[PDB]
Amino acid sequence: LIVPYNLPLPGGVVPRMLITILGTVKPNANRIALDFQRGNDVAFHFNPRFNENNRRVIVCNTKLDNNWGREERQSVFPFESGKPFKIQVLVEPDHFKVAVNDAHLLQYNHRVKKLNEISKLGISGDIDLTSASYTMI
């Protein structure tokens, strides 16, 4: 698939929706981003950074009216330059739950509460994208 890729989420997200993203990280990757969008707002930004001051970190945040909020940072970093990955995002009633390569990574409490209005997922960054899909579990 071509990156950046936009995956419509018809009628928005709902609990029990599972989004699965398969791809490969490019060699010498700098960043990956998943952006769950509510119009111009970003309800959930998931941003692995491969070199922030010589550290690897995942930054999560929300953008409202063009302003970024308080960052949530995770130092557990399961991505590897050059290697295939699987990201799964499970929507639960009170948070997005993220697993990478079948291991739980993090949860992100819902800041944007109109879940039905979060109707697009943007996938961008230094990856080759193989598949992006959703199902109900």
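Quick note: we count residues from 1 along the sequence shown, nothing fancier.
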Once average C-alpha B-factors are taken from the entry for 76-84 and 41-49, the winner is 76-84
Mean temperature factor over C-alpha atoms, higher-scoring stretch between 111-119 and 124-132 = 124-132
Selection from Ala29, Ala33, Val91, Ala99 [criterion: highest C-alpha temperature factor in the record] = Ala29
Can you tell me which third, lowest, middle or highest, the CA B-factor of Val14 falls into for its chain?
-> highest
